[PDB]
Amino acid sequence: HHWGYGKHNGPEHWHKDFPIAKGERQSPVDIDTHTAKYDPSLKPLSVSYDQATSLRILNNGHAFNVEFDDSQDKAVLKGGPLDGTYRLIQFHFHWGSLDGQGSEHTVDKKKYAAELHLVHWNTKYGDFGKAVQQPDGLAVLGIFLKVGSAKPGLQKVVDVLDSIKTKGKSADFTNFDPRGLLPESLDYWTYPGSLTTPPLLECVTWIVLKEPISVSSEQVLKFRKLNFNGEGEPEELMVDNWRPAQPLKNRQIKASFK
Ligand SMILES: CN(CC(=O)Nc1ccc(S(N)(=O)=O)cc1)c1ccccc1
Ligand SMILES: [Zn+2]
């Protein structure tokens, strides 16, 4: 009876196995745009993905991950609110059963159809596993998805999903360029938070872009054909794999823009 997104193992149950679920810096949150403070000391975000080396795509039973070779100084996030250099290890999405829900962060209570998370670890800690044990271990770049025009740079991901329908399937996915998933603007909100899935570790500097990307209805429909269950188990569609907004408690959200 492990954690998931259902009635009996979903977000409201996670605190039993992972008591940090009720902690002081949990994610996601609602971003109250009028209460976020513009911080003119915040630097432009530096996203340097020119040499990113995607290796593989994995259905892990909760989402799918596009994984990267993080053994060298390639695909890194710097600047913005960050001190030092953070290296890209994986990305994944959270999405809904319907276009009206699916994002984890919300903006003035608005839910987007999905949310992309580009996960990076602080190079001062040597690798991902050590970084997650530190309060400044990770930087997650979050990007909202709305349904409209297709995102051409997403299509390579969409097309491989048929080969990883089920928990534990992976496929070679070399040469995927995550620059094709980025909106025009790198204007952002930032706050200190957590992983949004168990173990819910409070190790993340969140950087949430203001500008959503548009994906087509057909693209997101293909996300919804994935399965939470393993092969030869009863079919439970992989939909609504998002954690709701958590209490802000004693945190300030900062805006890079006026
Ligand atoms: C399962 N896992 C690997 C992992 O990448 N976790 C993870 C990475 C990112 C996120 S999210 N949704 O906040 O961007 C959530 C979880 C893990 C991490 C730390 C300790 C133990 C397991
Ligand atoms: Zn995520």
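Search region 39-67 for residues being small (G, A, S) and without any contact (Cβ under 8 Å) to a residue 40 or more places away in the chain, and hand back the single one that is surrounded by the fewest Cβ atoms within 10 Å (Cβ to Cβ). Steps first, please.
Here is the first cut: in region 39-67, the ones small (G, A, S) are 41, 46, 48, 52, 54, 61, 63.
Going one step further and asking which of them are without any contact (Cβ under 8 Å) to a residue 40 or more places away in the chain, we end up with 41, 46, 48.
Numbers: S41: 7, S46: 13, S48: 16.
The extreme case among them is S41.
I'm trying to understand the selection: among the residues of region 164-199, which are surrounded by fewer than 21 Cβ atoms within 10 Å (Cβ to Cβ), under 21 Å from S48 (Cβ atoms) and aliphatic (A, V, I, L, M)?
Residues satisfying the conditions are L182, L186.
So if I check each of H62, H94, which one is under 25 Å from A245 (Cα atoms), not in a loop (DSSP other than H, G, I, E, B) and not small (G, A, S)? Let's see the steps before the verdict.
Numbers: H62 fails: not in a loop (DSSP other than H, G, I, E, B).
The unique qualifying residue is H94.
Conditions (1) in contact with a strand residue (DSSP E or B) (Cβ under 8 Å, 6 or more places away or on another chain); (2) assigned to a loop (DSSP other than H, G, I, E, B); (3) without any contact (Cβ under 8 Å) to a residue 40 or more places away in the chain, marked per residue:
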position	(1), (2), (3)
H2	no, yes, yes
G10	no, yes, yes
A21	no, no, no
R25	yes, yes, no
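Give the residues of region 201-237 that are over 21 Å from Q101 (Cβ atoms) and either surrounded by 15 or more Cβ atoms within 10 Å (Cβ to Cβ) or of a type in the set (S, T, Y) (or both), sorted by residue number.
Once the filter is applied, which keeps residues that are over 21 Å from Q101 (Cβ atoms) and either surrounded by 15 or more Cβ atoms within 10 Å (Cβ to Cβ) or of a type in the set (S, T, Y) (or both), region 201-237 yields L201, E202, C203, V204, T205, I207, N229.
Of these, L55, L82, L118, which one is within 22 Å of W242 (Cα to Cα), within 16 Å of ligand 1 (Cβ to nearest atom) and out of contact with any helix residue (DSSP H, G or I) (no Cβ under 6 Å at 6 or more places or on another chain)?
Working: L55 fails: within 22 Å of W242 (Cα to Cα); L82 fails: within 22 Å of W242 (Cα to Cα).
Exactly one residue qualifies, and that residue is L118.
For region 49-59, enumerate the residues that are among the β-branched types (V, I, T) and assigned to a strand (DSSP E or B).
From region 49-59, those among the β-branched types (V, I, T) are 53, 57; that's our starting set.
Answer for region 49-59, where residues must be among the β-branched types (V, I, T) and assigned to a strand (DSSP E or B): just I57.
Could you check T106 against (1) surrounded by fewer than 22 Cβ atoms within 10 Å (Cβ to Cβ); (2) under 22 Å from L226 (Cα atoms) and say which number it fails?
Unmet condition: (2).
Which fully enclosed strands (runs of 3 or more DSSP E) of region 185-258 have 3 or more residues being closer than 28 Å to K156 by Cα?
Details: elements: 188-193, 204-209, 213-215.
So the answer is 204-209, 213-215.
Taking the condition in contact with a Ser or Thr (Cβ under 8 Å, 6 or more places away or on another chain) and within 20 Å of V107 (Cα to Cα), does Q246 pass?
Working: in contact with a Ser or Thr (Cβ under 8 Å, 6 or more places away or on another chain): yes; within 20 Å of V107 (Cα to Cα): yes.
When the stated conditions are applied, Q246 passes them.
Of the residues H94, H117, which single one is more than 18 Å from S54 (Cβ to Cβ) and not polar (S, T, N, Q)?
Working: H117 fails: more than 18 Å from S54 (Cβ to Cβ).
Selected residue: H94, the only one of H94, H117 that is more than 18 Å from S54 (Cβ to Cβ) and not polar (S, T, N, Q).
If you scan region 189-223, which residues turn out to be within 14 Å of ligand 2 (Cβ to nearest atom) and among the aromatic types (F, W, Y)?
Within region 189-223, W206, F223 qualify.
From the list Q155, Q134, pick out the single residue that is touching a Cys at 6+ places or on another chain (Cβ under 9 Å) and away from ligand 2 (no atom under 16 Å from the Cβ). I'd like the intermediate steps shown before the answer.
Details: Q155 fails: touching a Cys at 6+ places or on another chain (Cβ under 9 Å).
It is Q134.
For region 68-89, enumerate the residues that are touching a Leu at 6+ places or on another chain (Cβ under 8 Å), within 16 Å of ligand 2 (Cβ to nearest atom) and free of Cβ contacts under 8 Å to residues at least 40 places away in the same chain.
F68
Test of understanding: among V160, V132, which residue is under 14 Å from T205 (Cβ atoms) and of a type in the set (V, I, T)?
Values: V160 fails: under 14 Å from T205 (Cβ atoms).
Being under 14 Å from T205 (Cβ atoms) and of a type in the set (V, I, T) holds for just one of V160, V132, which is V132.
Methodologically, a virtual Cβ is constructed for each residue, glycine included, from the backbone with ideal geometry; neighbour enumeration extends over all protein chains shown. Here, each number is a calculation from the coordinates, and none is a lab measurement.
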